[PDB]
Amino acid sequence: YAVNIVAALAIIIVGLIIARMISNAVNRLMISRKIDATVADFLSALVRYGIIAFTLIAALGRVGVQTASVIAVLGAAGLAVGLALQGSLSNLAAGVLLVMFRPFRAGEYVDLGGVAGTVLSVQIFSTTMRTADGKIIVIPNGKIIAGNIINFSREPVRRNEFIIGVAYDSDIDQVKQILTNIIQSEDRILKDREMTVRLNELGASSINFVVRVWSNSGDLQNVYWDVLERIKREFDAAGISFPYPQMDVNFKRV
Amino acid sequence: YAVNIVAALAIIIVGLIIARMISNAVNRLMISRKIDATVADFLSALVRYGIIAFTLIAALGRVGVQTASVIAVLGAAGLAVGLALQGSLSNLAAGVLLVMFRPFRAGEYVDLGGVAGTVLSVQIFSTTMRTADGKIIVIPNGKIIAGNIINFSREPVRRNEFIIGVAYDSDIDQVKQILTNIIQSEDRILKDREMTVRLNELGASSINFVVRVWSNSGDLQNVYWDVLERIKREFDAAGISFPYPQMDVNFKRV
Amino acid sequence: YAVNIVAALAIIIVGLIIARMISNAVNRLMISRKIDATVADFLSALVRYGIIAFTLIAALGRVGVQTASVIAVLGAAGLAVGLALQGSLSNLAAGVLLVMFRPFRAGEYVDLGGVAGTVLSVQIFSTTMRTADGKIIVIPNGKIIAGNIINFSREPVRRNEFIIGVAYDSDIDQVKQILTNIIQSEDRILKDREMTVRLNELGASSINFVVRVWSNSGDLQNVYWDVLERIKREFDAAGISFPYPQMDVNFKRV
Amino acid sequence: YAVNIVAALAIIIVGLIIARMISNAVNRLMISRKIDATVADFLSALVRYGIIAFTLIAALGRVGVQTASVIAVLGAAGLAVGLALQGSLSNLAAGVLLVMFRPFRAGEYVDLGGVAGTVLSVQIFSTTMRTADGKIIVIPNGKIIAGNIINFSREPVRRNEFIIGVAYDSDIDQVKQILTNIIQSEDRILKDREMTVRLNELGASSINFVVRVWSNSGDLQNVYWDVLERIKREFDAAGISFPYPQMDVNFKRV
Amino acid sequence: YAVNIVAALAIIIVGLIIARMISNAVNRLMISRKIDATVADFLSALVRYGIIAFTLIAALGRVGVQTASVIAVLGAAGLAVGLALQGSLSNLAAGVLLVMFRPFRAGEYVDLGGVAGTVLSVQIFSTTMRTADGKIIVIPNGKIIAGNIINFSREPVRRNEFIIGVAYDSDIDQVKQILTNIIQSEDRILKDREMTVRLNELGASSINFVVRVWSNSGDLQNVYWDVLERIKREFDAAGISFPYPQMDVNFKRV
Amino acid sequence: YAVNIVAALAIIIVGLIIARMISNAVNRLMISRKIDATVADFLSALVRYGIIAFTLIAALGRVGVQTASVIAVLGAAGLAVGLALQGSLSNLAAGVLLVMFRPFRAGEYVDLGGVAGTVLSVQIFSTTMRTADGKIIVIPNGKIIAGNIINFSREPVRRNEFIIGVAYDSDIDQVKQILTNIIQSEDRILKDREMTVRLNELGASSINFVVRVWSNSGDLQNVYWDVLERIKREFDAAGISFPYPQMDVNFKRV
Amino acid sequence: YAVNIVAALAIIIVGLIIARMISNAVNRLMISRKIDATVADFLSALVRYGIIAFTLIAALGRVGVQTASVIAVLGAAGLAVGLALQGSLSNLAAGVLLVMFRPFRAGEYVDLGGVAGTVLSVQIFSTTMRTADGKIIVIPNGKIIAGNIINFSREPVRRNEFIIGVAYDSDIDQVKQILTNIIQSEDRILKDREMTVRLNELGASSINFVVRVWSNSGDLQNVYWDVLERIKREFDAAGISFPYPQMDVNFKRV
């Protein structure tokens, strides 16, 4: 009736003292194999939890009598292990596809669903990637093949999207002529591709022209800065005013 | 009692040294089959993890005695493999439906739930698609048949939705006449379909007319830019003022 | 010990060369059955992956010896296939209910949880629907019976919800009389149903009347535009001013 | 070795031609049973997919030899069917509880987690409900017993929550007296219940009184409109000003 | 070969006609047991779906021959039933814990993760709760023990959090003295507990004092209204001005 | 054929009448064991649902004949029970770790992923915690070890983060000197740790200094109030102005 | 018929009294093993719930007769235990990978998907991490390898991203010269890396220059404060004005 219960708890007691013994043993073979002062404690806790799990399945093998009282609960605690290693091993199967079917390698400035940065290394569970401002990010591989791996450095040619808000009173032909003269004077702009400068929308306080300019991927930010400084200089020189947010106030003196 | 445990750990030690041996062997047959310097290390780590899994199931086959002590935990670790390959192989089954039941092919400017761009290629796990500004995006196929695959280039005819905010004091008939004259003068607009220019809402600072204009899919952005530049020119010529955000300030001199 | 491993890897090598052979064979029977230049490569990759899976289960049938070493891992990789075809075949079972228990058919301007448009066709995995501006959207059927399928063209009669912001100094009886005269003069408004014009809330810069007007589903947008243009014309004629966003500025000259 | 594979593919070919034959047969018994021109094609595709599934399980019964090679993959593809009919049949089990344990019936203006409207009918997979502006919404029953089914017409008595922003310089006793006189003069307000008119918060541009008024569920919107029009009329008559958004501008002449 | 298929479909035909017969039979014993005109149709549809499921498992028992062709697919469709009754019966197991381990009973004004209201009754699948404005909400119990069940009426003593924005030029000692005099003059405030009136932050347009005042749970809103009306009256009497949103405008006459 | 069905339904009828009998019996032994008037009804409904489940499995044991017709559906309805007790018993396993591996005990003012308050008691399914304003919150333990359990009272020393916006025309050395004099004059500030007062950002209308001041956890809010009142007093005394939101208005008289 | 039911309930009664006995016994061996006054009650409740589960499975072993009536429901309640220990033990398997495959150790100021702080310790279920303002956060490890573990202190070199809004009338060469002189005069800036000072965008009220400056990770905030104070001082000295939010007001005197 209960003699199997009290015997099983006695086996759990000897399982705890042998958990202490094999934790010291795994620390000994850890310092025999490769020295690390803090992971030997967690390896000891892992083999301790495993051996009290083995003492647990021996315990309910002793107490349970009917036909499969140990077998069902053993496959049960194993299914707990299985759903536990769902996310921790799906990163492994994702890391298989990340290099065998590689959408990026170590060196392309990529963007892994949100954060962006050049990949330092694709490891077997993580992707250590230096972001644009030095913060090393590692990302679990089950999140990389969950979202869009938007690469940048795979295509050598990219496109700049300027938006230059000018005032309503400015002549459209003068602004389009000066903008096309600017994007024609710059030699880093690829002149074969789409160079569109036209009126994009009529916003609240201003109109604003889209200037879509293609360039190589390496000179992209340099073009985006140089053309914009050129736009500011030429628009200040040519009298085409940049507008502050306008407002039409109607007075009412009470 | 514990002699099966210490024998099982000895088998794990010979499993580690044979993991080293078969990692060198799989590197040798990798450079025999097809050369790649970095995936042979990860293939070696994969076969290493697999063979310590085989040593693990041999270990708990040695230690576990009862009826199915190896079988339940083996189906367990296999179910861990199964839930791990849930997301990594659902992309494969999605990539079956993506081409056998194809909603898009390589060349249509499409939008895969968020990001948008022409598809370069539909591979077996990803869809490499060049976005509109050169950033190559790959997307896992389990996300494509999770969201709306909103195509653009499947229908040859699309619709432009202008909104032109004009002032309250402007005559409605003059604005509607000039807008219909503009969308009638343009020949790229398909004159058979819906050409609606009517007062859409009365906003806070302005009224604004919706101009729904259909066109071919190739000339869509060119129509949206040319008609809008025409609207700005004709409204500046005809004296119909574009309004800045109005405000009715009531004074109070203390 | 390891002779089963090296024999199993040899079987994987002959599985790779017969994967090449049956990929050429499935390309041959594909061009025999129905010509498509790009799906025969992906069908070849599918039968290639299937036959290396069969070589894999033969491999661990050779290496595994105990009782069910092939059977547990075979049901495992099959359960990987099963969870992979969870989402890819739930669209099929949803597409059964979408037409057998049909909430919409090809032609009703519907809204499938977010995006909206007339359905071109309900296929067996997708619903190709032209949106209101020409973008063909296909939607996986497992998302349609996940969200609200808000139909519009099933009920022939719908309701317009005007909100007309007028100034605080305007007389309420004059605005209600002119609005009821407008919605009574229009004959496309169904005069039997709810025609409510009353003061809805007192906003910050204005008061605003709700004008709830029912109409047929086909004339709905035409009524919403014509009544609103009538409201603008009659309110400009009757002197009831439309207010810009007011503000009460208290001065303080330092 | 491979003779079972090529024989299995031959059986798949006769399964395809008998899929065509039984698709014509199910179309024939469909026009014998009940005529519908488009669902017979999808019923034909369903029985076609089912019979190639039966040919598939016969195929891997032929090729697989060991002990349970057909049985594990058959329970696998069945588990794919099971997880596919997870969401498609949970709506059925929800529709059981929706009427056996009914929180609403056809006629109460209810709100099913987001969208709101009177229920036209509670079907076995959906709840066709007319919203307040004519758009017929059907909602899958697995979403109704996922969220709060906030009923309105179950309780006959509801409460109006007015917020009337008045200026800071207004006398509090005059506003409270006029508001209580208004909510006492109206006879549709239930005088037994909570009639609270007190200063609720001191906002940025104004103070604002909460007027909590109970009424019957049928006269609720009529009370909310009539009392608010009464508030506007009496506050314009009594000189208690309604404030526009105030601002305290401190000058600085450079 | 196919004689089992055509015999199985014949059994499905007699299953459909006996589904009609037992639907009439369950309607007869429903009007024998307890009368309800609309749930007998859905009970008839439920027993109809169950008996075509039994005809289906008899059908694939006839067609499937090998070893467990009926057993695997029967446990499969049962697992479909099981995952279907996941959410529909987890509400039952939550409703066990909701009353055996009760965090609230019928009468405490509680807040069940979002919406808030006094509980009318805790049923076995739902919690009918009247919200503060009469809308009866029922909530599935699997959502209550998913989120925070933030009770209010379990603790008899609660705390009011006033924030009174006053101008920068006001003396801090005068405001703190008048506020402490107000919260000392009110007798419904519990004088033993935390009565903190101090400067909380320096906002953009004003400074604002936090007045944390404890009271009984029944008099909480009455204290929050009475103390605030007292604050408005005493601050208008004592000359401490309430500030409108300030702004420091620097002129520039072009 | 159907005699097992009608006999099974007869057994369901005697299961319903014995469900009534054992519901009265469990009410009798409930008032024998421990009196509670409302949970005996729900315990009666629970044992009623359990015994109609036993009558159901006896029913499909009678009707089902083949090999495991009762066994598969019994493990099925049990798996429904299992997924039902997923969330209702994961709180138990979380409550094990919450006290055996305790990150907080009854008395530390903690924050359990969102809401914050001192823990009154950690029960076996919930954590009754009084929030800072008296609202007793209970939280299911499966949500506590889902989110960050951000403790406050575990570390005795915390840090105040002042932000004091001053005008652009103010001298930086005077503000830094007065702020360091204030945070040096206060003795509750721990003078050993980080006392940083430097210019943090240049906002739109003002500059603003961060004043990071460490203190004990008990005196934290008292320091944050006293230092801020000291800042207001000393800045009003020293002529360093606090700025309202500035604006640079450029006139245009039409 | 029912004698097994009443005998099973009698066994549940002796299971309750032996639950009391073994709860006292586990309290006795708890004070024998290691003293803790409150976890012995919860350990007693855990062994109480376990032993009524054993009495429950003995009860339905007595009542259920057919073939596997105890076995299916026992694997069922065990699967309830398994899905309960899904989330509570996935933290363990995540904590294995967190230290064996370590992306951070105790001491690096890291950011675990949202909240950020230096890790005090990585325990076996949680990561106690002191945030930047003293609030000790523990985080379950199943959430760490769900999101991006964005480290900061792994890379020794990071980057500051200044944005300095200056007025439109300011000369671009003067601002770029003064900014480069400032970031060249500071010696803590790493002069080898990217020192970009160029015009970044033309905002509404101002233009604004990005100043991207790299530095060591320890001096990062000190550089960000010192360079910004230098920017304020040098821009006030050199006459380059900092702009308040501009506005272009057009008058209209009614």
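Refer to the structure presented above.
Residues numbered from 1 in each chain as written, not as in the entry; some residues may be left out. Chains lettered and ligands numbered in written order. Heavy atoms only, no water.

Undergrad: Help me out: how do you make sense of the interface of chain F and chain G in this one?
TA: Many descriptions give the size of an interface as the accessible area lost when the pieces come together. Of the residues lining the interface, 71 residues belong to chain F; the matching set on chain G comes to 63 residues. Buried surface at the junction of chain F and chain G, summed over both partners, amounts to about 6100 Å²; 66% is from carbon and sulfur atoms. The three residues of chain F that bury the most area against chain G are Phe101(F), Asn148(F) and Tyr168(F), which together make up 10% of that side's buried surface. In this assembly, chain F and chain G are joined by 15 residue pairs in polar contact. Ranked by residues supplied to the side of chain F that touches chain G, first place goes to helix α3 (residues 69-100) of chain F with 18 residues. Tallied by class, the residues present in the side of chain F that touches chain G amount to 41 nonpolar, 14 polar and 16 charged. Here strand β9 (residues 246-250) of chain F runs beside strand β9 (residues 246-250) of chain G; their pairing, made up of 3 bridges, is parallel. Opposite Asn250(F), over in β9(G), you have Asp248(G) as the bridge partner. (Contact = heavy atoms within 4.5 Å. Buried area = accessible area lost by both parts, 1.4 Å probe. Polar contact = N/O pair within 3.5 Å; in protein donor to acceptor, adjacent residues only side chain to side chain. Helix = DSSP H or I, 4+ residues; strand = E, 2+ residues; numbered from the N terminus. Nonpolar A, V, L, I, M, F, W, Y, C, P; charged D, E, K, R; others polar. Pairing = 2+ DSSP bridges.)

Undergrad: Got a minute to help me understand the environment of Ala7(B) in this structure?
TA: Residue and element names in this part refer to chain B. Residue placement: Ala7 occurs in helix α1 (residues 3-33). With relative accessibility at 33%, the residue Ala7 sits in the partly exposed group. Separated by 90 residues in sequence, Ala7 and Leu97 have C-alpha atoms that sit 50 Å apart. (Buried < 20%, exposed > 50% of the residue type's maximum accessible area, 1.4 Å probe, protein only.)

Undergrad: Would you explain the pairing of strand β3 (residues 127-131) of chain G in this entry?
TA: Successive side chains on a regular strand alternate, one facing one side of the sheet and the next facing the other. Residue and element names in this part refer to chain G. Of all 5 residues in β3, 4 are buried; the element is thus mostly enclosed. In sequence, strand β2 (residues 116-122) turns back onto β3 through a hairpin of 4 residues. When β3 meets strand β4 (residues 136-138), the two strands line up antiparallel, connected through 2 bridges. Residue pairing in the sheet places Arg130 in a bridge with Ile136 of β4. Between β3 and the antiparallel strand that follows it, β4, lie 4 residues; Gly134 among them carries a positive phi value of about 80°.

Undergrad: Even after reading the chapter, I still don't get the arrangement of the chains, so can you show me in this structure?
TA: The interface with the most contacts, out of 14 pairs of chains in contact, is the one formed by chains F and G. Between chain A and chain E there is no contact, and the shortest C-alpha to C-alpha separation is 13 Å. When C-alpha atoms are compared, chain B and chain E, though not in contact, are closest at a spacing of 13 Å.

Undergrad: Just checking my understanding: could you explain the packing of aromatic side chains for this structure?
TA: Given two aromatic rings, one states the distance between the centres and the angle between the planes to describe the pair. In total, this model carries 52 aromatic pairs over all chains according to the counting rule given. A centroid spacing of 5.7 Å and a plane angle of 35° characterise the contact between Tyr168(E) and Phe242(F), whose relative ring orientation is tilted. Of this pair, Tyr168(E) sits in the loop between β6 (157-166) and α5 (172-185) while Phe242(F) sits in the loop between α6 (220-237) and β9, which puts the two residues in different chains. Overall, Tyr168(E) belongs to the buried group, its relative accessible area being 7%. Overall, the relative accessible area of 11% leaves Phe242(F) in the buried class. Here a set of aromatic residues connected by ring pairs shows up, and it is made of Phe251(A), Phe251(B), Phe251(C), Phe251(D), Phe251(E), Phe251(F) and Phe251(G). Across from the ring centre of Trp214(F), 5.9 Å away, lies the NZ or CZ of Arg193(F), which sits over that ring. (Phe/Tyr/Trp six-rings, centres within 6.5 Å; stacked < 30°, edge-to-face > 60°. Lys NZ or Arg CZ within 6 Å of the ring centre and 35° of its normal.)

Undergrad: Would you explain the sheet that holds strand β7 (residues 196-202) of chain C in this entry?
TA: All names here are of chain C. Spatial strand order, β6-β8-β7: 3 strands in an open sheet with antiparallel pairing. Across the chains shown, the open sheet's two edge strands, defined by having one partner strand only, are β6 (157-166) and β7. When the angles between neighbouring strand axes are averaged without regard to direction, this sheet yields 25°. Two strands pair when backbone bridges link them, and β7 and strand β8 (residues 207-216) are joined in this way by 6 bridges, in the antiparallel orientation. Along β8, the bridge assignment pairs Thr196 with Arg212. Packed onto the sheet, helix α5 (residues 172-185) meets β6, β7 and β8 and runs at close to 15° relative to β8. (Axes fitted to C-alpha atoms, helices over the stretch in contact; angles between N-to-C directions.)

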